[PDB]
Amino acid sequence: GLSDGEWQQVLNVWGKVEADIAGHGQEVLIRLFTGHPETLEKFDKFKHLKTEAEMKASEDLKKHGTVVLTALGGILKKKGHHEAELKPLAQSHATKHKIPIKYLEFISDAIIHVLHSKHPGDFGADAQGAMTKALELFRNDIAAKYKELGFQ
Ligand code: HEM
């Protein structure tokens with residue numbers, strides 16, 4: 001549960017992402033894969049990437065970063081009223097991709113890391129608080145659907 005002022009902060013931060021969605025999406029995924037190499041094994045289309053240079057050179061990885069962040073941005077713009085947008089993603093991630101909730105924690109922290117890396121000094125403590133709360137709400141509503149499905 002976020003206040004109006006917290007949502008305003010989230011959507012202000014998101015404007016930074018929308019100015020370069022592919023560059024942000026690429027870096028989020030590279031941070032996830034290099035920090036947590038087990039996550040790469042869930043992607044049949046990226047498992048061939050052995051080095052970070054190959055990851056950086058991959059145009060399909062940048063494409064997928066755009067898909068991921070476009071979906072997250074659509075959810076965030078709903079300011080918590082995201083049941084219809086979140087349900088299919090929870091279902092596909094539990095039943096088809098088999099993504100444990102832990103990996104959603106990993107990517108949430110990766111988003112925070114990338115925002116500080118690309119905007120040092122321009123991602124303030126209030127903005128980090130609100131973004132963190134928004135990602136926690138997203139993860140928590142997914143977790144509820146995972147529990148319904150019995151997925152661990
Ligand atoms: C911010 C969190 C995330 C968002 C918004 C997101 C969004 C999406 C979307 C929109 C798709 C395509 C449609 C679909 O299959 O439902 C996708 C595919 C996928 N997601 Fe996620 N995702 C997230 C996190 C993750 C994480 C943490 C992993 C794994 C570590 C992951 C693994 C996958 C895989 C394996 C695919 C299929 C890729 C394919 O082979 O082309 N997702 N995701």
# chains A, B, ... in the order shown; residues from 1 in each chain; ligands from 1
>>> residues_around(residues="residue 81 of chain A", least_positions_apart="2", cutoff="12 Å", atoms="only C-alpha atoms", output="PyMOL selection string")
chain A and resi 1-2+74-79+83-87+134+137-138+141
>>> write_last_selection(atoms="N, CA, C and O atoms", output="PDB file, in the first residue's frame")
ATOM      1  N   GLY A   1       0.810  -1.207   0.000  1.00  0.00           N
ATOM      2  CA  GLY A   1       0.000   0.000   0.000  1.00  0.00           C
ATOM      3  C   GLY A   1       0.845   1.259   0.000  1.00  0.00           C
ATOM      4  O   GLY A   1       1.622   1.510   0.924  1.00  0.00           O
ATOM      5  N   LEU A   2       0.700   2.049  -1.053  1.00  0.00           N
ATOM      6  CA  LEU A   2       1.468   3.270  -1.217  1.00  0.00           C
ATOM      7  C   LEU A   2       0.532   4.466  -1.174  1.00  0.00           C
ATOM      8  O   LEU A   2      -0.609   4.394  -1.641  1.00  0.00           O
ATOM      9  N   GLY A  74       3.774  -0.846 -17.211  1.00  0.00           N
ATOM     10  CA  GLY A  74       2.322  -0.887 -17.299  1.00  0.00           C
ATOM     11  C   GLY A  74       1.670  -1.212 -15.973  1.00  0.00           C
ATOM     12  O   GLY A  74       0.611  -0.670 -15.645  1.00  0.00           O
ATOM     13  N   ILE A  75       2.287  -2.108 -15.200  1.00  0.00           N
ATOM     14  CA  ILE A  75       1.790  -2.459 -13.876  1.00  0.00           C
ATOM     15  C   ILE A  75       1.930  -1.275 -12.927  1.00  0.00           C
ATOM     16  O   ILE A  75       0.973  -0.895 -12.243  1.00  0.00           O
ATOM     17  N   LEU A  76       3.096  -0.630 -12.921  1.00  0.00           N
ATOM     18  CA  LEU A  76       3.322   0.486 -11.993  1.00  0.00           C
ATOM     19  C   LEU A  76       2.366   1.646 -12.264  1.00  0.00           C
ATOM     20  O   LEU A  76       1.922   2.334 -11.333  1.00  0.00           O
ATOM     21  N   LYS A  77       2.045   1.898 -13.533  1.00  0.00           N
ATOM     22  CA  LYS A  77       1.153   3.001 -13.861  1.00  0.00           C
ATOM     23  C   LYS A  77      -0.269   2.774 -13.368  1.00  0.00           C
ATOM     24  O   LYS A  77      -1.059   3.722 -13.352  1.00  0.00           O
ATOM     25  N   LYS A  78      -0.610   1.550 -12.964  1.00  0.00           N
ATOM     26  CA  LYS A  78      -1.907   1.280 -12.362  1.00  0.00           C
ATOM     27  C   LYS A  78      -1.975   1.638 -10.888  1.00  0.00           C
ATOM     28  O   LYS A  78      -3.068   1.570 -10.310  1.00  0.00           O
ATOM     29  N   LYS A  79      -0.857   2.010 -10.270  1.00  0.00           N
ATOM     30  CA  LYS A  79      -0.848   2.437  -8.868  1.00  0.00           C
ATOM     31  C   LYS A  79      -1.556   1.427  -7.959  1.00  0.00           C
ATOM     32  O   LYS A  79      -2.391   1.779  -7.116  1.00  0.00           O
ATOM     33  N   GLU A  83      -4.661  -6.064 -10.847  1.00  0.00           N
ATOM     34  CA  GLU A  83      -5.025  -7.477 -10.818  1.00  0.00           C
ATOM     35  C   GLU A  83      -5.039  -8.082 -12.218  1.00  0.00           C
ATOM     36  O   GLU A  83      -4.484  -9.165 -12.441  1.00  0.00           O
ATOM     37  N   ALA A  84      -5.649  -7.385 -13.183  1.00  0.00           N
ATOM     38  CA  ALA A  84      -5.772  -7.932 -14.536  1.00  0.00           C
ATOM     39  C   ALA A  84      -4.422  -8.041 -15.226  1.00  0.00           C
ATOM     40  O   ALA A  84      -4.189  -8.980 -15.999  1.00  0.00           O
ATOM     41  N   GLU A  85      -3.535  -7.083 -14.987  1.00  0.00           N
ATOM     42  CA  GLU A  85      -2.214  -7.089 -15.606  1.00  0.00           C
ATOM     43  C   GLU A  85      -1.286  -8.092 -14.932  1.00  0.00           C
ATOM     44  O   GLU A  85      -0.443  -8.713 -15.589  1.00  0.00           O
ATOM     45  N   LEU A  86      -1.460  -8.303 -13.639  1.00  0.00           N
ATOM     46  CA  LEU A  86      -0.534  -9.136 -12.886  1.00  0.00           C
ATOM     47  C   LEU A  86      -0.887 -10.612 -13.007  1.00  0.00           C
ATOM     48  O   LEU A  86       0.009 -11.453 -13.072  1.00  0.00           O
ATOM     49  N   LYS A  87      -2.178 -10.946 -13.040  1.00  0.00           N
ATOM     50  CA  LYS A  87      -2.602 -12.346 -13.105  1.00  0.00           C
ATOM     51  C   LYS A  87      -1.919 -13.157 -14.207  1.00  0.00           C
ATOM     52  O   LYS A  87      -1.365 -14.224 -13.892  1.00  0.00           O
ATOM     53  N   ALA A 134       6.972  -0.188  -4.089  1.00  0.00           N
ATOM     54  CA  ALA A 134       6.195  -0.594  -5.249  1.00  0.00           C
ATOM     55  C   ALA A 134       6.605  -1.974  -5.721  1.00  0.00           C
ATOM     56  O   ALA A 134       5.754  -2.767  -6.133  1.00  0.00           O
ATOM     57  N   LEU A 137       5.174  -4.577  -3.336  1.00  0.00           N
ATOM     58  CA  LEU A 137       3.757  -4.820  -3.588  1.00  0.00           C
ATOM     59  C   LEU A 137       3.576  -5.732  -4.789  1.00  0.00           C
ATOM     60  O   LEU A 137       2.774  -6.670  -4.747  1.00  0.00           O
ATOM     61  N   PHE A 138       4.315  -5.465  -5.867  1.00  0.00           N
ATOM     62  CA  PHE A 138       4.286  -6.320  -7.050  1.00  0.00           C
ATOM     63  C   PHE A 138       4.656  -7.755  -6.689  1.00  0.00           C
ATOM     64  O   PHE A 138       3.930  -8.704  -7.018  1.00  0.00           O
ATOM     65  N   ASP A 141       1.892  -9.495  -4.437  1.00  0.00           N
ATOM     66  CA  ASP A 141       0.696  -9.928  -5.135  1.00  0.00           C
ATOM     67  C   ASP A 141       0.988 -11.128  -6.020  1.00  0.00           C
ATOM     68  O   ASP A 141       0.140 -12.018  -6.152  1.00  0.00           O
TER      69      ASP A 141
END
>>> residues_near_ligand(ligand="ligand 1", cutoff="9 Å", atoms="only C-alpha atoms and all ligand atoms", output="number ranges by chain")
A: 29, 32-33, 36, 38-46, 64-65, 67-75, 86, 88-93, 96-108, 111, 135, 138-139
>>> atom_distance(atom1="atom CA of residue 34 of chain A", atom2="atom CA of residue 112 of chain A")
15.5 Å
>>> atom_distance(atom1="atom CA of residue 128 of chain A", atom2="atom CA of residue 109 of chain A")
10.8 Å
>>> closest_residue(among="A:55, A:7, A:17, A:94", to="residue 144 of chain A", atoms="only C-alpha atoms")
A:94
>>> select_by_dssp(residues="segment 100-151 of chain A", states="helix (DSSP H, G or I)", output="NGL selection string")
:A and (101-118 or 125-149)
>>> atom_distance(atom1="atom CA of residue 25 of chain A", atom2="atom CA of residue 131 of chain A")
16.1 Å
